[PDB]
Amino acid sequence: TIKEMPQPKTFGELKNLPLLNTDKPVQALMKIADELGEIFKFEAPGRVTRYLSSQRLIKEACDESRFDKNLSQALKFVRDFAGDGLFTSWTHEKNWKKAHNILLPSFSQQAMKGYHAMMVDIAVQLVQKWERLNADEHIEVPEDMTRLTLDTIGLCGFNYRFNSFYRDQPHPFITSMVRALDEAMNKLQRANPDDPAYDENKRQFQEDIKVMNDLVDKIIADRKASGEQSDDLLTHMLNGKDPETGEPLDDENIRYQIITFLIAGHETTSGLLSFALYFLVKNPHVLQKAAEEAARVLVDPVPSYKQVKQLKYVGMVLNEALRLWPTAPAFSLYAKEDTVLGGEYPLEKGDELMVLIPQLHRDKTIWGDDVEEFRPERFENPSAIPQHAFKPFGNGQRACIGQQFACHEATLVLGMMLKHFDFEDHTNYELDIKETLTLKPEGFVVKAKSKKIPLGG
Amino acid sequence: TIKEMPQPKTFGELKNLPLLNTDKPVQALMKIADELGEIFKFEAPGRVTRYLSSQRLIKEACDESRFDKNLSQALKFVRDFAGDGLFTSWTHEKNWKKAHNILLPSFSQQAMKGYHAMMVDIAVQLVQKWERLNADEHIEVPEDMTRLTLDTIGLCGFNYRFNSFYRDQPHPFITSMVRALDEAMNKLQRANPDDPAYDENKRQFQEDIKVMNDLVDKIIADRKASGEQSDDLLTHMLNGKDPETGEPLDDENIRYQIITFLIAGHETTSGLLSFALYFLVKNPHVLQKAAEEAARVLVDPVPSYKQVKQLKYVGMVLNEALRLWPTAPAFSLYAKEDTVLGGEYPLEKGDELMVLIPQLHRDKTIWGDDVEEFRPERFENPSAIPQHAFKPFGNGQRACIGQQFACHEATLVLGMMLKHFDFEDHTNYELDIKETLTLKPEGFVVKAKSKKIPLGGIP
Ligand code: HEM
Ligand code: HEM
Ligand SMILES: CCCCCCCCCCCCCCCC(=O)NCC(=O)O
Ligand SMILES: CCCCCCCCCCCCCCCC(=O)NCC(=O)O
C-alpha cells in the first residue's frame, strides 16, 4: 500500500541540506524524527537518503539479503584518513574480508583473557589519579575517560603507551583526531566544499592527518625495534595471513587499520563511560544498586577476568546508557535491488538508508511509554528483547568487531570506579551532548570521595 | 704578615658590576677565583664583599664566635618574596629564633621515619613514569627531578599533592619561582635598579609573587577545610608555640615559611639528583658500583627506611656531586668584631665574606691534584676530611635544616633508579649549567632501559 514519504522543510535549491548546518546534527535529526515519524526523506543537491527510526522498518533494513552496508557522507570524509580500513571499506572491497579474517582472532576469548591485565594496568592509573586529587578539586569526566580508553587500546592493541595520565592537556593525537572528526561533520553541510572559504579548513585537516600518521610511524618503528613476542592486534596486522586469499595485509592497509583501531577502538567507549557515569549520578538508586554489586563481586585488590564477567548489573547499566545515547549514533545501508520497505515505501537499487540509532532505541512499541527513563532493568532478560530493537553495535557481518573488548573494558572500569569512590554531581550538571560524528557529554564534571579501599599491582 | 687582596677589573663608579654581564655569574666568579686565588674583593654601587675560596680562610669564616650569617645581596632580593622566613632572616631577628625552635621538630628522627612512606609514594611515581616510556622516547632529567622533589616536599611538608607527574608543563608555582629567582639574580648586575626602564621587571616580579601566594592560600585552605589533621611542618607552623617566647608564628611569617620551604625544600635537591645522574652516566665504573650496591641492598619490592640507611656508596655519589656542583653555591658571613683573617687580612666589624663553595671544593691542598675527577671514594670515611673542607649545606646554627631530609630523599630515589634501570647518555650530553642563584643542568637527557624488576605497592 504505497505511501508518500514525509520530508522536513526546504531551502530552495539547497533542499534539506541546511538542516545539517549545526554542531548537533544527530540531535537535530532526532527532533525531525519526532515530528515526522518512523521514516523521512532527506534531500541535498545530487543526493537523497532516508532516515529510519522504527524497529518495524529497521528490522528490514537489517536483512543482508536486501541491504548492504553503505558509506554515509560522514564515512566518505572519514575515509580520507582511515582509507579501506575495516570501518570505512565497502563489504565487497578485497581489503574488507581480508582484514576481517586476519584480525577477527585478535578479539577471541583467549585474546580477551590476554588483554585483561593490560586493561587493569590503565584502570589503576585512573583510580590513582582520582585518589591523589586534593580537597578543592573535581574530575573532568569525558577528558579522563578518553585518557583511559585511548591508553587501553594503545597498550592492548599495539603495546604502545600513549601515557595520557602524564599530560594535563589532551594527548596531541586526540587533539588532531577530534579536529579531523569535527571537520568531517562540518563538511556534511557544505554545498560547495571547494569554495576558497574552506582552504584554511583543508590545510588544518591535512596537518591533523599528518599528526595521526606521525604517531602510526612511531607505533610501527617501536614494534620493529623490539620484535619481542607480543601476540596482539599489531602482530596479526604485520604477520597474519588471510585463510581465503593466502595473503597478508599490505603496508598501506596496515596503516589505515592502525588509525582505524586507534579511533574506533576508543572514542565511542570514552563516550559510553561518560554517559554511564552521568546517568548513575542523576539516578542515585541505580548508582547504589550498581555500587553494591561492585562491592560484593570485586573482593580482591584488583579485578580478575572472572570477576568482571560477574558484574551483571554493571552490564545492564552500560546497555541502558547505550540505549539512550549510542555513541556511534548512526549507520547507513543501500538497497541491493529494487525493493519495497515495510509494504509501503518503494526503493530503487542503490537507494540509501540511515538508521537513527537513538530513535530506534526510543521506539514506544518496543520499550513502552517511558523511553527517557534510565532503567537498566530493561535488560533483565536480553533474549526477550525483539530482534533488531537494540543496535548500538551495528548489524550483521559489518557489526562492531570490538564489541566484547569495549564491554569488558567499560564493565571493569565502571566496576572499579563504583568500588573505590562515592560520586557527587557538585554543579548539578545539565546534559550538553557534543557531536563529532560520535556523541559525548561536554563539560561533565563530578567530585569523587574516596572510600579508601587499598588497590593492588 | 698583612696583605692587600686582589680585585678584578673595575668600571669607574660602577665598580665590578659590569664585569659579570652574564646569565652564568657563579661560573664567572669561579674563573676569577682561579686567576686571583683564595680571596678577592668584589664591589658594586653601595656594597663590598670578599670572595673566599680556600679551606684555610673558610675554616676561620665558619667560626661562629667571629662571624654570623649575612644576607648577601642575592638573599636581600630573595627576601622581597620570602620575607623573614628561615632562609632570609638575620640570626638576631626574633622570627628566625621562633621559627627555628618551632620547625626543628619536623626534622626529628621520628619525623624522618614518618616521612619515608610518603617519599616512597613519590619515588614510585617517578619509577612508574620511566617504566612506561616507549623505546623511541627519552627522559628529561632536571624536569623529572623537579617533579619528584616538589611533590615530595608538598606531601611530606604540607599533605598537598602537586601531582607533577600528571602534568606536561611545569606547575605554575615552578614557572613563577624560576622567574622570581632569575629576577633576583639579574638585579645583582643592574646599574640603576630604579631607572623606570625596569618597571616591566617589577610588574612581572609582582605577578610571580602573586602566583606563589595564590598557591600558599590553596595549601592553607586545603588544611583548614579538611578535618583529617596531620602532624607535619604545616601543623607546626599553624599551631606550634615557641618554647622561649611562648608565642606562635604570626600569619605573615607562616606564609613566608611556606614559600621558603617549598623553594628551598625542592630546588636544590632537584639540582643534586640531576648532577648525580649526569656524573653516573659519564663514569660507567662508578655507575656499575652504585648499581651493584642498589641490587644487593634493595631486596624488597619497595625500600624500607633501614635499607636506605645501608646505601653507603649511593650517599658517597651524592656527596661527590655536591663537592663538584653544590647547588646553593654560596653563603655569606659578616664579622661580629674587628678581627684578622688568616693572619693577613684585617677586617672591621660588619665586613662581609662570600663563601664560594664550588671553589672551596676544588682546593688542591685538601683534595689532591685530581679535583675535577668524579671519585666517590673520596668520601669512604668522612671523619678523615678536614674541618670545614666540605660545606654544601652551609654552617653552624644557620646550616641547612633540611640536610637529612634531602639526603634521605635523594638516596632513596637514586637507589631505586639504579635498581630498576640501565642508563644511556644517548646524545653524549655536554654539561650546560643554568643559574637562577641556584645551579642545575639544563637540557640533560638520558635513555633508560628497564631491568624489569617488579615494584611493590606504596607502603
Ligand atoms: C561503546 C563502544 C563502541 C560502539 C558503540 C561501537 C559501535 C560500532 C558501530 C555502530 C559499528 C557499525 C558501523 C557501520 O555500520 O557503519 C562498528 C563497527 C566497528 N567497530 Fe565498533 N563500537 C565500539 C567499540 C569498538 C572498539 C573498542 C573497537 C576496536 C577495538 C571497535 C572497532 C570497530 C570496527 C573495526 C568496526 C568495523 C567492523 C567491520 O565492518 O569490519 N569498536 N562499531
Ligand atoms: C641538596 C639539597 C640542599 C642543599 C645543597 C641545601 C643547601 C643549604 C644551604 C647552603 C643553606 C645555608 C644558606 C646560607 O647560609 O645562606 C641552607 C639553608 C636552609 N635549608 Fe637547605 N639545602 C638543601 C635541601 C633543603 C631541603 C630539602 C630543605 C627543606 C626541607 C631545606 C631548607 C633549608 C632552610 C629552611 C634553610 C635555612 C635554615 C636557617 O638558617 O635557619 N634545605 N640549605
Ligand atoms: C576510523 C574509525 C572512525 C569511526 C567514526 C565513527 C562515526 C560513526 C558515526 C557516524 C554517524 C554520523 C551521522 C551524522 C549525521 C548524518 O545523518 N549524516 C548523513 C551522512 O553522513 O550521509
Ligand atoms: C626562599 C628560599 C631561598 C631560595 C634561594 C636560595 C639561594 C642560594 C644560593 C645563593 C647564591 C648567590 C650567588 C651570588 C653570585 C653573584 O651573582 N654575585 C655577584 C653580585 O653579588 O653582584
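Draft legend 1. Broad picture of the coordination of the iron atom of ligand 1. Of all protein atoms, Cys400 of chain A (SG) alone acts as a donor to the iron atom of ligand 1, lying 2.5 Å away. Tracing the sequence through the fold places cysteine 400 of chain A in the loop between α16 (364-367) and α17 (403-420).

Draft legend 2. Fine view of the environment of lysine 59 of chain A. All names here are of chain A. Inspection of the secondary structure puts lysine 59 in helix α2 (residues 55-61). In sequence terms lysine 59 and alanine 389 are 330 residues apart; their C-alpha atoms lie 7.6 Å from each other. Not counting chain neighbours up to four residues away, the residues in contact with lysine 59 comprise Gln387 and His388.

Draft legend 3. Representation of the site of ligand 3 in the model. Residue and element names in this part refer to chain A. Of all residues adjacent to ligand 3, which total 13 residues, the nearest are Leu29, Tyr51, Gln73, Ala74 and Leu188. Sorting the residues of the shell around ligand 3 by element identifies α3 (73-82) and α10 (251-264) as the ones contributing at least two each. For the shell around ligand 3, the element with the highest residue contribution is α3, accounting for four residues.

Draft legend 4. Inspection of the packing of aromatic side chains at higher detail. Evaluated as defined, the whole model comprises 40 aromatic pairs over all chains. Ring geometry for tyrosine 278 of chain A and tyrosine 429 of chain A: centres 5.8 Å apart, planes at 85°, overall edge-to-face. Taken together, the residues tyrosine 278 of chain A in helix α11 (residues 267-282) and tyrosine 429 of chain A in the loop between β9 (421-424) and β10 (433-436) connect sequence positions 151 residues apart. Of the two residues, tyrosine 278 of chain A and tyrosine 429 of chain A, neither departs from the other in class, the shared state being buried. Relative to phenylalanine 379 of chain B, the ring of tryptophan 367 of chain B lies with its centre 5.8 Å away and its plane at 50°, an arrangement referred to as tilted. A residue pair is termed long-range when its members are at least 10 positions apart, and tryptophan 367 of chain B in helix α17 (residues 364-367) and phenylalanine 379 of chain B in the loop between α17 and α18 (403-420) qualify at twelve residues. Comparing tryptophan 367 of chain B with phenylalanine 379 of chain B shows no difference in burial state: the two are buried.

Draft legend 5. Fine view of the sheet that holds strand β2 (residues 47-52) of chain A. Residue and element names in this part refer to chain A. Read from one edge of the open sheet, five strands run β1-β2-β8-β5-β3, paired in mixed fashion. Two strands bound the open sheet, and with one partner strand each, they are β1 (39-44) and β3 (67-69). Going across the sheet, the axis of each strand differs from the next one's by a mean of 35°, ignoring polarity. Both β3 and strand β5 (residues 330-335) contribute to a ladder of three bridges, which runs antiparallel. Each bridged residue has a counterpart across the sheet, and for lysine 69 the counterpart in β5 is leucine 333. Contacting β1, β2 and β8 (352-356), helix α1 (residues 25-36) runs over the sheet at an angle of about 130° to β1.

Draft legend 6. Summary view of unusual backbone geometry. Residue and element names in this part refer to chain A. For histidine 388, which is not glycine, the phi torsion reads 70° and is therefore positive. The residue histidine 388 is located in the loop between α16 and α17 in this model. Among the residues examined, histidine 388 registers a relative accessible area of 17% and is labelled buried. Residue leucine 437 is not a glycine yet carries a positive backbone phi of 70°. By the secondary structure assignment, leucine 437 is in the loop between β10 and β11 (438-441).

Draft legend 7. Fine view of the coordination of the iron atom of ligand 2. Among protein atoms, the single one acting as a donor to the iron atom of ligand 2 is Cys400 of chain B (SG), 2.4 Å away. Tracing the sequence through the fold places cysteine 400 of chain B in the loop between α17 and α18.

Draft legend 8. Representation of helix α2 (residues 25-36) of chain B. Residues and elements named next belong to chain B. For α2, with twelve residues, the first-to-last C-alpha span of 16 Å sits near the 16 Å given by 1.5 Å per residue. All buried positions along α2 are accounted for by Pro25, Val26, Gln27, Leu29, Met30, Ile32 and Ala33. Immediately downstream of α2, the backbone of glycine 37 shows phi near 105°, a positive value.

Draft legend 9. Representation of the site of ligand 1 in the model. Residues and elements named next belong to chain A. Looking at ligand 1, there are 25 residues lining it, with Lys69, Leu86, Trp96, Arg398 and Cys400 nearest. Residue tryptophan 96 places a side-chain N or O atom 2.8 Å away from an oxygen atom belonging to ligand 1. Within the side chain of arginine 398, an N or O atom sits 2.8 Å from an oxygen atom of ligand 1. Put simply, the parts of the chain that give the shell around ligand 1 at least two residues each are α10, α11 and α17.

Draft legend 10. Looking closely at the nonpolar core. Counting residues in each nonpolar core, the largest one holds 123 residues, and the members touching the most others are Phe81, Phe158, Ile258 and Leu414 of chain A. Broken down by element, this core gets its largest block of residues, eleven residues, from helix α5 (residues 109-131) of chain A. Counting residues in each nonpolar core, the second largest holds 120 residues, with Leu126, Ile174, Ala180 and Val302 of chain B among its members.

Draft legend 11. Structural detail: the interface of chain A and chain B. On the chain B side, the residues contacting the 21 residues of chain A number 22 residues. Taken together, the connections running from chain A to chain B amount to zero salt bridges. In this assembly, chain A and chain B are joined by ten residue pairs in polar contact. Of all the elements in the fold, those that place two or more residues in the side of chain A that touches chain B are α5 and α8 (199-226) of chain A. Top contributing element to the side of chain A that touches chain B by residue count: α5 of chain A, with four residues. Classifying every residue of the side of chain A that touches chain B by side-chain character gives five nonpolar, six polar and ten charged.

Draft legend 12. Broad picture of the sheet that holds strand β5 (residues 330-335) of chain B. All names here are of chain B. A sheet is described by the order of its strands in space; here five strands give the open sequence β1-β2-β8-β5-β3, paired in mixed fashion. Whereas interior strands pair on both sides, the edge strands pair on one side only; in this sheet they are β1 (39-44) and β3 (67-70). With direction set aside, neighbouring strand axes in the sheet form an average angle of 35°. Against the sheet, α2 engages β1, β2 (47-52) and β8 (352-356), with an angle of about 135° to β1.

Draft legend 13. Spotlight on empty space enclosed by the protein. One pass over the structure, following the stated rule, counts one cavity of 30 Å³ or more. Considering only enclosed or pocket space, the largest cavity measures out at about 100 Å³ in volume. Around the largest cavity, the lining residues are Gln125, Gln128, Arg132, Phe165 and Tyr166 of chain A together with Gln125, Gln128, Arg132, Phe165 and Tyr166 of chain B. Among the elements of the structure, α5 of chain A together with α6 (109-131) of chain B are those that each provide at least two residues to the lining of the largest cavity. Residues of the lining of the largest cavity, tallied by class, amount to four nonpolar, four polar and two charged.

Draft legend 14. The arrangement of a negative patch on the surface in detail. Taken together, the side chains of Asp23, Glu140, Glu143 and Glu442 of chain A make up a negatively charged region of the molecular surface. Assignment of secondary structure puts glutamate 143 of chain A in helix α6 (residues 141-158).

Draft legend 15. Examining the pattern of salt bridges more closely. All chains considered together, the criterion is met by 61 salt bridges over all chains. Residue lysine 3 of chain A pairs with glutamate 344 of chain A through a salt bridge whose shortest N-O separation is 3.2 Å. Of the two residues, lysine 3 of chain A sits in the segment before α1 while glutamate 344 of chain A sits in the loop between β6 (339-341) and β7 (345-347), which places them 341 residues apart along the sequence. Since its relative accessible area comes to 10%, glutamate 344 of chain A is described here as buried. Across the salt bridge formed by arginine 378 of chain B and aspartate 370 of chain B, the nearest N and O atoms sit 3.1 Å from each other.

The rules behind each value
Residues numbered from 1 in each chain as written, not as in the entry; some residues may be left out. Chains lettered and ligands numbered in written order. Heavy atoms only, no water. Donors = N, O, S within 2.8 Å, 3.2 Å for Na, K, Ca; no water. Helix = DSSP H or I, 4+ residues; strand = E, 2+ residues; numbered from the N terminus. Contact = heavy atoms within 4.5 Å. Near = heavy atom within 4 Å. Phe/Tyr/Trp six-rings, centres within 6.5 Å; stacked < 30°, edge-to-face > 60°. Buried < 20%, exposed > 50% of the residue type's maximum accessible area, 1.4 Å probe, protein only. Pairing = 2+ DSSP bridges. Axes fitted to C-alpha atoms, helices over the stretch in contact; angles between N-to-C directions. Expected span 1.5 Å × (residues − 1). Polar contact = N/O pair within 3.5 Å; in protein donor to acceptor, adjacent residues only side chain to side chain. Core = buried A, V, L, I, M, F, W, Y, C linked by side-chain atoms within 4.5 Å. Salt bridge = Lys/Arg side-chain N within 4 Å of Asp/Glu carboxyl O. Nonpolar A, V, L, I, M, F, W, Y, C, P; charged D, E, K, R; others polar. 1 Å grid on protein atoms, 1.4 Å probe; cavity = no way out; pocket = protein on both sides within 12 Å on 5 of 7 lines; lining within 4 Å. Points joined across faces, edges and corners; volume = space filled by probe spheres on them. Patch = residues over 30% accessible without salt bridge, like charges linked within 9 Å, V, L, I, M, F, W, Y side chains within 5 Å. Areas by Shrake-Rupley, 256 points an atom, 1.4 Å probe, with all protein chains shown as cover. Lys, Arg positive; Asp, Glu negative; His and termini not counted. Charge placed at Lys NZ, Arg CZ, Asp CG, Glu CD.

Remember that the coordinates give geometry; whether it matters functionally is a separate question.
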